[PDB]
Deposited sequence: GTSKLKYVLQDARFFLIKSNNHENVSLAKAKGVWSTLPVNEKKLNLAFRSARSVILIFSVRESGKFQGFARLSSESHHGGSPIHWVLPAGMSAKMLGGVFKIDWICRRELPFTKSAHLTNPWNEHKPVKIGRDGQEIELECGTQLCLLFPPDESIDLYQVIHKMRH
């Protein structure tokens, strides 16, 4: 069902994350981690303390798709096991819990606009662009359900 998903997304904040390659999204899906540039690290740390859930919606540059979405489970932290990001600065590491590892083509989100980016289609935005609550909620509900994920453990972290 979609009820636990809606519960996780209640009053959440949403951020568009743009990866330059598929390899970095693969690492994030395998290890439950993300790292970003300092400007966005600051925004995400501020958001993590401000909201019951912070959702990252991932899109690989030039792919024409989103590759899934995940919820921050921590603020960024330095040290830890090194992540071999295939780079084209990546300071702290956020731990993330994946909510959906399935893709969504941009053609399916054409009816959603982001008020925080001039009401342009939600696929449009720089890395770190915040997505308004209603737009982000509907975008997440468009993804195919990911039956491999159990949101019970995520709900307990809120």
If I number the deposited sequence starting at 1, which residue ranges have no C-alpha coordinates at all? 89-94, 165-166
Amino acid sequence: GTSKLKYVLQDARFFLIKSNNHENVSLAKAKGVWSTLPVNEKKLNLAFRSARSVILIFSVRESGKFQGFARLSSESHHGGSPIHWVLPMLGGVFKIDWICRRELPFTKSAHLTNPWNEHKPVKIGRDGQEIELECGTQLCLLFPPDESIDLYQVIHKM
From here on, numbers count along this sequence of modelled residues.
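We call the rigid core the largest set of C-alpha positions that still match within 1.5 Å between the two forms.
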In 8 other deposited structures of this protein, rigid core aligned: more displaced of 100-108 and 37-45 by C-alpha RMS: 37-45
Comparing against the shown form in 8 other deposited structures of this protein, which stretch has the larger RMS C-alpha deviation after a rigid core superposition, 54-62 or 90-98? 90-98
Do the C-alpha atoms of 37-45 or of 97-105 have the higher average B factor in the entry? 37-45
Would you mind finding, among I131, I57, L112, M89, the residue with the largest C-alpha temperature factor in the entry? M89
Taking the C-alpha B-factors as the PDB entry records them, is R52 in the lowest, middle or highest third of its chain? highest
Place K120 in the lowest, middle or highest third of its chain's C-alpha B-factors, as listed in the PDB entry. lowest
Split into thirds by Cα B-factor across the chain's modelled residues, where does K31 land: lowest, middle or highest? middle
Using only modelled residues of the chain, where does the Cα B factor of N24 rank: lowest third, middle third or highest third? middle
